[PDB]
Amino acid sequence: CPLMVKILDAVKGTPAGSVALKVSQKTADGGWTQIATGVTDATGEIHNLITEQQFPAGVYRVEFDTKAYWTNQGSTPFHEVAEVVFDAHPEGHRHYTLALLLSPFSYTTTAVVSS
């Protein structure tokens, strides 16, 4: 699997479980095609989110529904979502991990890309 996530909760000090997300692929006219969805497990991950065949070179957007996560925790969130948008170059089985650290009014996102 070429696309992984890892979400952490900076209030409780745990992975962020049960965060819904969507993966989309940019189209030529500037639109977006939804290619996968899921909800993180208790480790803040979604295993086998997409296949290599689903992940050709191009621009991808991963939208994480952080607002619902905070509402369920009892916190008042600032952001509607956290968006991560990047150009993927999957040749040679290059892998992408999108790391995300959540607080009610803030997030940090980084990427780990293999070679």
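The first residue of the sequence shown is number 1, and the count goes up from there.
Student: Quick one: say whether 17-25 or 90-98 has the higher mean Cα B-factor in the deposited entry.
Tutor: Comparing 17-25 with 90-98, the higher mean C-alpha B-factor belongs to 90-98.
Student: Look up the CA B-factors in the entry and say which stretch, 75-83 or 28-36, has the higher mean.
Tutor: Higher mean C-alpha B-factor: 28-36.
Student: Just say lowest, middle or highest third for the CA B-factor of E52 relative to the other modelled residues in its chain.
Tutor: Highest third of the chain for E52's C-alpha B-factor.
Student: Ranking every modelled residue in this chain by its Cα temperature factor as given in the entry, which third contains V113?
Tutor: Within its chain, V113 is a middle-third residue by C-alpha B-factor, going by the deposited values.
Student: Ranked by Cα temperature factor within the chain, is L3 in the lowest third, the middle third or the highest third?
Tutor: For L3, the deposited C-alpha B-factor lands in the middle third.
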